[PDB]
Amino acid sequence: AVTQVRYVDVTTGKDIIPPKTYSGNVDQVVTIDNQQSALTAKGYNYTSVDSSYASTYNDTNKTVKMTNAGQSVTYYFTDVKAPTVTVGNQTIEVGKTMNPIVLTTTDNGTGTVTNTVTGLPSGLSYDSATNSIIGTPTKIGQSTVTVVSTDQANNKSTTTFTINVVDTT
């Protein structure tokens, strides 16, 4: 007379919040919580329910009827929020090996995040292993750098910043 509930990230199969068990007497109708409000705050939309292994489940009422045999209900959620790359404009001196520019990136989900960096000044390159721009700029001038960030669910954001390469004379 138990029912195991999971709240699952459809992209990765991971628990977004801890699984919850419900119990009752045999035949007792028990209300289960799909946690939609909490998951919305986490940047997820409620997407589907799998009750293949809980035949007593009523989706309209969000109930199970407890039986001698265990039951399982899985609620699935989709990450609908793009990653956040927080980067500002940067000045660097021509012809000097730069302190790397770290492209600070976070996300609400449970999977990978991949950045795509373009428009770098001559001498600069994106080190994807350290998620940082590295190099020695070769030429005075300003460049607009574009960073596209994509999470594993394929939500995308785009940010830009300028790199200004300056000389002392």
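Residue positions are given as counts along the sequence shown, with the first one as 1.
Task: Between 135-143 and 42-50 (mean CA B-factor, as deposited), the higher - done: Higher mean C-alpha B-factor in the PDB entry: 135-143.
Open item on the list: Looking at the temperature factor on the CA atom of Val64, which third of the chain's modelled residues does it land in?
Closed with: Within its chain, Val64 is a middle-third residue by C-alpha B-factor, going by the deposited values.
Task: Assigned third (lowest, middle, highest) for the C-alpha B factor of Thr97 - done: It belongs to the highest third of the chain when residues are ordered by C-alpha B-factor.
Task: Assigned third (lowest, middle, highest) for the C-alpha B factor of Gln90 - done: As the PDB entry reports it, the C-alpha B-factor of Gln90 lands in the lowest third of its chain.
- [ ] Please rank the C-alpha B-factors of the chain's modelled residues and tell me whether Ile32 sits in the lowest, middle or highest third.
- [x] Ranked within chain, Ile32 CA B lands in the middle tercile.
Open item on the list: How does the C-alpha B factor of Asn155 compare with the rest of the chain: lowest, middle or highest third?
Closed with: Lowest third, going by the recorded CA B-factors of the chain.
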